[PDB]
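> Residue numbers (the working numbering), protein chains in the order written: chain A, 244 to 634; chain B, 244 to 634; chain C, 9 to 257; chain D, 9 to 257.
By construction, the Cβ of each residue, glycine as well, lies at the ideal position given by its N, Cα and C atoms.
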Amino acid sequence: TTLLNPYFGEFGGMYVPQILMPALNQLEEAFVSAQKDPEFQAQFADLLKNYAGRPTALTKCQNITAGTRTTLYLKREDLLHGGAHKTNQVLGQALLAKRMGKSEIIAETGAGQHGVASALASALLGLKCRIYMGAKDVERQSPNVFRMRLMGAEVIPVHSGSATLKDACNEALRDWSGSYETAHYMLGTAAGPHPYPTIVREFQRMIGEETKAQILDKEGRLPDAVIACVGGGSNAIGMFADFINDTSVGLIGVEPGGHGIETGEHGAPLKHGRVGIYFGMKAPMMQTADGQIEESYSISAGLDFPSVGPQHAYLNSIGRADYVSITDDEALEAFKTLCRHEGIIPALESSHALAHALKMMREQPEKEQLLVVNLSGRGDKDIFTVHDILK
Amino acid sequence: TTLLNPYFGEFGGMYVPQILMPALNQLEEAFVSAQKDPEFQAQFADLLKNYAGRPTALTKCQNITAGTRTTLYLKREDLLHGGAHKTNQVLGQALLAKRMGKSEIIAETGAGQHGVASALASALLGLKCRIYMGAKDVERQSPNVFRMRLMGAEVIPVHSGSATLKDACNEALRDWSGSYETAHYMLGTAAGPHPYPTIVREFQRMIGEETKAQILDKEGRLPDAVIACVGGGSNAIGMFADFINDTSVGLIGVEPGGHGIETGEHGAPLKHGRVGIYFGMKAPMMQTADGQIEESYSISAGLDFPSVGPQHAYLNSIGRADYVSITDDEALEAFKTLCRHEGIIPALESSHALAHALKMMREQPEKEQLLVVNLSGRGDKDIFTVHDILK
Amino acid sequence: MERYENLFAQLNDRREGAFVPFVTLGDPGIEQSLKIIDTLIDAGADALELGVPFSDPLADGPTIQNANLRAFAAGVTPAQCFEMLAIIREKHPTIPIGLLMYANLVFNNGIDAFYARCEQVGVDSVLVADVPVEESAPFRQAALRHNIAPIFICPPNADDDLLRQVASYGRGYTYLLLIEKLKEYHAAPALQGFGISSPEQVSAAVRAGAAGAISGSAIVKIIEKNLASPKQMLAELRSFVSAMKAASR
Amino acid sequence: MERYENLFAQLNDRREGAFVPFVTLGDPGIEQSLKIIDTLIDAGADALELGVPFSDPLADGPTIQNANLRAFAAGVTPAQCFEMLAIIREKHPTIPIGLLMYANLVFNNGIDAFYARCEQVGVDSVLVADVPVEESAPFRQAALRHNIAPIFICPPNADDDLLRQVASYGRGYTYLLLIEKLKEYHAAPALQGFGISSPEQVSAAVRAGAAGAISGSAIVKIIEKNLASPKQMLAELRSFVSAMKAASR
Ligand SMILES: *Cc1c(COP(=O)(O)O)cnc(C)c1O
Ligand SMILES: *Cc1c(COP(=O)(O)O)cnc(C)c1O
Ligand code: NA
Ligand code: NA
């Protein structure tokens, strides 16, 4: 028994051990309550505005599209406090934890962005925060690890399995199984068991709502398409949400193609994976022929979630949203292109979205189109990675 | 002959070789013209808003002041595009360069923040950018150096003299002496020869204007004091400007005390230096008894300017503004305090301002006071520096 | 078949509790695992609960997580586990055999096909660790079609509604992690799991009204501790199981 | 005194141009600098333009920047430069001596005190590199009070207004970087600076109507090139200055 539908077509559900169901029902109930509570809305709006920096800008990029009939706008989540869209929903989930009288937060992270976002929200709202991070990721994200500790969060390495995000995902659930009475599991993407896909979307939907208002203000009409990278699906569903009922608006999700789909070294489960049941949901997954879960590869560590939010798989199934992939090289070129022509350093994650937009423009330069790319985050953190590759 | 007064009391002036005076008069004339040009204002407002992310937030910090009668707000310039207030004025100066039909930009930088800001503004507005940076600073700011190049700017190391900011300052002027016809020197702080102190203040004054409006909205009255760090003086004069005629509002500038004023290892020329004539202006300077210019020391590389804007020296002389200093250790503590209690990582520069505010609060916890600290920038860039020191 | 029903009836006819040990198939190797299992049975195990190694066992503690690591290090695959299951059933015709699975290994090549494979090798029950009764429909339906008892965990934080469901949906045995209410709703015989690592806990379980007890990790711990000596491993396993079984009598 | 006036009158009485070499006091060392200077004079220099090493010579090219580095490496200070100036004047009573200064070294211990010190050691003129005529009031006033001629640069991008000012404010000589207009406004005799590195440029300067030429860096380049051999340095300096002076005749 649930208050909201846990499924998006055949995808989604609550595939967790029986011991975790009460925690999920409790969470669902608190969210439904909070959503109809004007005081909760006002408090969340206040943090978003006065703490995180919302609304974010909608930047028109004229240099990049010169000579073409493409008009491109970038929704500036890179300007959000923390440098990425991750901040929007952790603030909402933190407020939900408090509403449930919870005083501790459990969070998982791969590249460290979510860990840092959970830690900053916990610091602000007086919550004790413990973060699980795959030992392999701990080793390669020292900066983000220190930021977490600087903010008072307890960082715990995970050596089990592949010692990456998925292994951090299991460890978090394990912990929560026996601490949910006083602790809230702050899941980092629009995936996992219900009500998380729904909750994260709702707490990221201001991205699309702002974008709609801004584009109408500046162009007097809706975009022909909005484009966003898809690691787990949060920034994308955040951007897409408010436009779903606007049938004339294309929704384009970009999965990491890595070294190339045909090489098998990618992170595009939605279009190249296989439906499975893992991390509490039925969704497309990166897995072996035998059913073992595999890692997603990408030059961008943030697009590492080996699956994808169930609402995206559903939007794809009915044809409402289209999903494509962008390789490491295409994303690297988009990254350099934005730095040089617009003076904005995009996160390598966001660069995938930008790269597809660049492709839409370049392939048909005389096609009149109004596009919005969700610039999910800033790429100062990627300066080293890109550095090595170049020259 | 000038259109505006080049002096603030005895401080300021235009102490440059005769060959540079036409460039300064030309610049002054363009600025005066631009200031009364609504189209220039609208274009500058548009970039500030839709590109840089203005207005920035005014964040109330409740956790940090708990148990005291101090109410503290942080003006969030760390949320500005680029991560610091530097961006405001480079956009204005870039627009001025174009207004003068200039197509190239010359800029100086120590910690690299200004270099990066000049480079991003140049990229956005189609300007060819060359930046001078002391070889010693080039060596210790590889990240910012790469960011500059990623944005298309040409970075040129300076090995002359102490190979630091001051040496970069001379090299820029040298270049400009024989290229000002097509190139604009984008000075990085509220200092140097007239009209720069005036221009930078005016292009940073939105900081204080926004702060006033925001504080009136949220508290219904003006701050008892606004506090800002002072490296060269731009973020501080930016914050102070709009409040100067509000006599009930204290203006507090914080110079870096380094290892301690008494150790001589500091960067507080305004209160502990000696008036001299350098970098085109008469102002307090870090110099030997003989008249040779010395470097300013601070745990924070951004507070390295060995002098201070002439308007601050003037505001100090008449008693309108008060200047104090904060040591490396006090700034490190303020840095950790903000991370842990508010989930915001401040730039080590800004931390000096915060540290003084913390002192005002802690020394007299029962004193009712409404303070605003200008959080000039974010401290992700300082994560390494702080890392080493700790434990 | 009705191996659980026959086991519990026989155990009741002698006021005895059931002792069910759990091990991971292929841990630490196929050969050694088969020997471990034969030892567990010779020592007195009434039924077996066998895990199939999975990459992300989000419902298991370190003991089990490491057991899977050892198995994977040995190259154990689901296909090999099923070959093992067949061999085990061919040697022991009556002992109930239950699998502890993760939803994906069941759903991978089709749920019906999985349970059909279970029936073919002679498995008696299947507990899917990450499938709550709320999501169990296709699983229990498939299980029943192939004469496989679907097993459900009755958590500590359970309520009356969950108890009614577990009683209605489960078969073979109820995995207890209350006993009166379960009997009241005609639930499958309850076996006490979690924390069963000493004879007194077995006796305590039977005394509480449970039909038996499951040792979810103690067996695996003995394996873990004797990896260096296969012979000592079997010897210690025998002593432990023998001691645990006697406590059910 | 009126050393410049006496020099130019004497040069005119023989249709000769003035050749003024520039060097940095104390470059590459105090001892060697004094010898360099005595050599420049023995070779035919009509007047001297001497720089006092400053930390941030924002108005000088690499040649001069390096010259200051060498001097500072030798521990040369303004106080030592003034001791040198005294020694130089005591050996040569009539040659005009002009200093090329940076505002801070002049303003440091008080502007009047600086010019008073100049008069005391026998300096004739002072050009403050970073003080435009717009900011020169206290400097030229102090210079005149102490019988020191304030020198101003007449830049290429100059205009009529600047020309009138330079003519009105300068004394000794006008540092040219036009000649008719200067003479028209009764400006101090103009000396051509910038780019004077060959005899033909000297002759070209005098032919253009200038009273002479200043070699702003060529002398320093010769020093730079012969740092390894002090004796060859002096020898080459002599040949260069001798050649440059003959071209003014
Ligand atoms: C974490 C991250 C992503 C990937 O996560 P989603 O949940 O797919 O949005 C994308 N962009 C940035 C900048 C991120 O930090
Ligand atoms: C450059 C910088 C400063 C110092 O410069 P001012 O001109 O004194 O403002 C202060 N804060 C930040 C973050 C800076 O980048
Ligand atoms: Na994914
Ligand atoms: Na300073």
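At the level of alpha carbons, what is the spacing between residue 73 of chain C and residue 440 of chain A?
Numbered from 1 along the third sequence, position 65 holds the residue referred to as residue 73 of chain C. Numbered from 1 along the first sequence, position 197 holds the residue referred to as residue 440 of chain A. Those two C-alpha atoms are separated by around 27 Å.
> At which residues does the alpha helix (DSSP H) containing residue 389 of chain A begin and terminate?
Numbered from 1 along the first sequence, position 146 holds the residue referred to as residue 389 of chain A. That run of the alpha helix (DSSP H) goes 385-393.
> Would you decide whether residue 248 of chain A is buried or exposed? Buried here means 16 or more other CB atoms lie within 10 Å of its CB.
On the first sequence, residue 248 of chain A is found 5 positions in, with the first residue counted as 1. With fewer than 16 Cβ atoms within 10 Å of its Cβ, residue 248 of chain A is classed as exposed.
> Would a check of beta-carbon distances place residue 66 of chain C closer than 7 Å to chain A?
Here residue 66 of chain C is taken as the residue at index 58 of the third sequence, counted from 1. By this cut-off, residue 66 of chain C is an interface position.
> Would you call the segment 482-502 of chain B and the segment 587-599 of chain B in contact, with 3 or more CB pairs under 8 Å?
Yes, the segment 482-502 of chain B touches the segment 587-599 of chain B.
> Taking 7 Å as the CB-CB limit, is residue 386 of chain A close to chain B?
As a working note, residue 386 of chain A is residue 143 in the first sequence. With 7 Å as the cut-off, residue 386 of chain A counts as an interface residue toward chain B.
> With a threshold of 7 Å on Cβ separation, who are the neighbours of residue 370 of chain B within its own chain once the five nearest residues in sequence on each side are excluded?
To locate residue 370 of chain B, count along the second sequence from 1; it is residue 127. Excluding residues within five positions, the ones whose Cβ falls inside 7 Å are 337, 340, 346, 347, 348.
> Would you mind telling me which residues of chain B sit closer than 9 Å to residue 390 of chain A, beta carbon to beta carbon, in chain order?
Here the question's residue 390 of chain A lines up with position 147 in the first sequence. 582, 588, 623, 626, listed in chain order.
> Of the choices B:491, B:291, B:357, whose alpha-carbon is the least far from that of residue 446 of chain B?
Stepping through the second sequence from its first residue, residue 446 of chain B is reached at position 203. It is B:291.
> May I ask which residues mark the beginning and end of the beta strand (DSSP E) holding residue 626 of chain B?
For the purposes of this step, residue 626 of chain B is identified with residue 383 of the second sequence, where counting begins at 1. No beta strand (DSSP E) contains residue 626 of chain B, which is instead part of the alpha helix (DSSP H) from 626-632.
> To the nearest angstrom, how far is it from the Cα of residue 501 of chain B to the Cα of residue 113 of chain D?
As a working mapping, residue 501 of chain B is identified with position 258 in the second sequence. As a working mapping, residue 113 of chain D is identified with position 105 in the fourth sequence. Approximately 27 Å between the Cα atoms of the pair.
> Determine which residues share a DSSP beta bridge with residue 112 of chain D and list them.
By 1-based counting over the fourth sequence, the position of residue 112 of chain D is 104. Its beta-bridge partners do not exist; DSSP assigns none.
> Output the residues surrounding ligand 2, defined as those with a CB atom closer than 7 Å to any ligand heavy atom, in chain order.
The answer, residue by residue, is B:327, B:328, B:329, B:354, B:356, B:357, B:431, B:432, B:433, B:472, B:473, B:474, B:475, B:476, B:477, B:478, B:479, B:545, B:546, B:548, B:590, B:592, B:593, B:619, B:620.
> Going by DSSP, name the residue or residues bridged to residue 182 of chain C.
The residue given as residue 182 of chain C occupies position 174 in the third sequence. The partner list for residue 182 of chain C (beta bridge, DSSP) reads C:198.
> Relative to chain B, which residues along the segment 226-245 of chain D have a C-beta separation below 7 Å, given in chain order?
The residues in question: there are none.
> Give the residues of chain C in contact with residue 448 of chain A, contact being defined as C-beta atoms less than 8 Å apart.
On the first sequence, position 205 is the one that residue 448 of chain A refers to. The premise fails here: residue 448 of chain A is roughly 27 Å from chain C at the closest Cβ pair, so nothing lies under 8 Å.
> Residues in its own chain within less than 7 Å of residue 325 of chain B by CB, not counting five upstream and five downstream?
Position 82 of the second sequence, counted from the start, is the residue given in the question as residue 325 of chain B. Answer for residue 325 of chain B: 359, 360, 363, listed in chain order.
> Let me know the secondary structure DSSP gives residue 153 of chain D once reduced to three states.
The residue given as residue 153 of chain D occupies position 145 in the fourth sequence. It is helical.
> Take the Cβ of residue 16 of chain C as the centre, count every other Cβ of all protein chains shown within 10 Å, and call the residue buried at 16 or more, exposed below.
Taking the first residue of the third sequence as position 1, residue 16 of chain C is located at position 8. The residue in question, residue 16 of chain C, is buried, as its Cβ has 16 or more Cβ neighbours within 10 Å.
> Taking the beta carbon of residue 312 of chain A as the centre, do at least 16 other beta carbons fall within 10 Å, making it buried, or is it exposed?
Sequence index remark: in the first sequence, residue 312 of chain A carries index 69 (1-based). With fewer than 16 Cβ atoms within 10 Å of its Cβ, residue 312 of chain A is classed as exposed.
> What residue range is occupied by the uninterrupted alpha helix (DSSP H) comprising residue 126 of chain D?
Here residue 126 of chain D corresponds to residue number 118 of the fourth sequence, with the count starting at 1. Residue 126 of chain D -> alpha helix (DSSP H) spans 119-129.
> If we count Cβ pairs, one from each stretch, closer than 8 Å, do we get three or more for the segment 541-551 of chain B versus the segment 148-162 of chain D?
In short, these stretches do not touch, since the Cβ pair count stays below three.
> Taking the alpha carbon of residue 316 of chain A as the point to measure from, which residue in A:301, A:323, A:531, A:330 has its own alpha carbon closest?
Against the first sequence, residue 316 of chain A aligns to sequence position 73. Of the listed residues, the one whose Cα sits closest to residue 316 of chain A is A:301.
> Run down chain A in chain order and give the residues with a C-beta less than 7 Å from the C-beta of residue 163 of chain C.
Residue mapping note: residue 163 of chain C aligns to position 155 of the third sequence, counting from 1. Those are 261, 262, listed as they occur along chain A.
> If you run the structure through DSSP and keep just helix, strand and coil, what is residue 351 of chain B?
Residue mapping note: residue 351 of chain B aligns to position 108 of the second sequence, counting from 1. Strand, per DSSP.
> Is residue 539 of chain A near ligand 3, in the sense that its beta carbon is under 6 Å from a heavy atom of that ligand?
Taking the first sequence and counting its residues from 1, one reaches residue 539 of chain A at position 296. Yes, Cβ of residue 539 of chain A sits closer than 6 Å to a heavy atom of ligand 3.
> Using the rule of at least 16 other Cβ atoms within 10 Å of the residue's Cβ for burial, across every protein chain shown, is residue 514 of chain B buried or exposed?
Here residue 514 of chain B refers to the residue found at position 271 of the second sequence. It is buried - the Cβ of residue 514 of chain B has at least 16 other Cβ atoms within 10 Å.
> Any heavy atom of ligand 3 closer than 6 Å to the CB of residue 551 of chain A?
Counting from 1 along the first sequence, the entry for residue 551 of chain A is found at position 308. Yes, the Cβ of residue 551 of chain A comes within 6 Å of a heavy atom of ligand 3.
> Of all the CB atoms in chain C, is at least one closer than 7 Å to the CB of residue 552 of chain A?
The residue labelled residue 552 of chain A in the question sits at position 309 within the first sequence. Taking Cβ atoms only, chain C never reaches closer than 7 Å to residue 552 of chain A, which makes this a no.
> Can you name, in chain order, every residue of its own chain whose Cβ lies under 6 Å from the Cβ of residue 516 of chain B, other than the five neighbours on each side?
Residue 516 of chain B sits at position 273 when you count from the first residue of the second sequence. Closer than 6 Å at the Cβ level, and outside the excluded window around residue 516 of chain B, lie 527, 528, 529.
> List, from N- to C-terminal side, the beta strand (DSSP E) runs of 3 residues or more that fit wholly inside the segment 257-323 of chain A.
The segment 257-323 of chain A contains these whole beta strand (DSSP E) runs: 301-303, 313-319.
> If we count the other Cβ atoms within 10 Å of its Cβ and call it buried at 16 or more, is residue 509 of chain B buried or exposed?
For the purposes of this step, residue 509 of chain B is taken as residue 266 along the second sequence, with counting starting at 1. So residue 509 of chain B ends up on the buried side.
> Show which residues of chain A have a CB atom less than 8 Å away from the CB atom of residue 251 of chain C.
Looking up residue 251 of chain C in the third sequence gives position 243. Ordered by position in chain A, no residue passes the 8 Å Cβ test against residue 251 of chain C, which lies about 29 Å from the chain.
> Since residue 323 of chain A and residue 352 of chain A are thought to touch, with beta carbons under 8 Å apart, how far apart are those beta carbons, to the nearest angstrom?
Position 80 of the first sequence, counting from 1, holds the residue named residue 323 of chain A. Position 109 of the first sequence, counting from 1, holds the residue named residue 352 of chain A. 17 Å between Cβ atoms; not a contact.
> Please confirm if residue 258 of chain B has its CB atom under 7 Å from at least one CB of chain D.
Translated into the one-based positions of the second sequence, residue 258 of chain B becomes position 15. Yes, contact with chain D.
> Rounded to whole angstroms, what is the Cα-Cα separation between residue 248 of chain C and residue 431 of chain A?
Residue 248 of chain C sits at position 240 when you count from the first residue of the third sequence. Residue 431 of chain A sits at position 188 when you count from the first residue of the first sequence. Spanning the two alpha carbons is a distance of roughly 44 Å.
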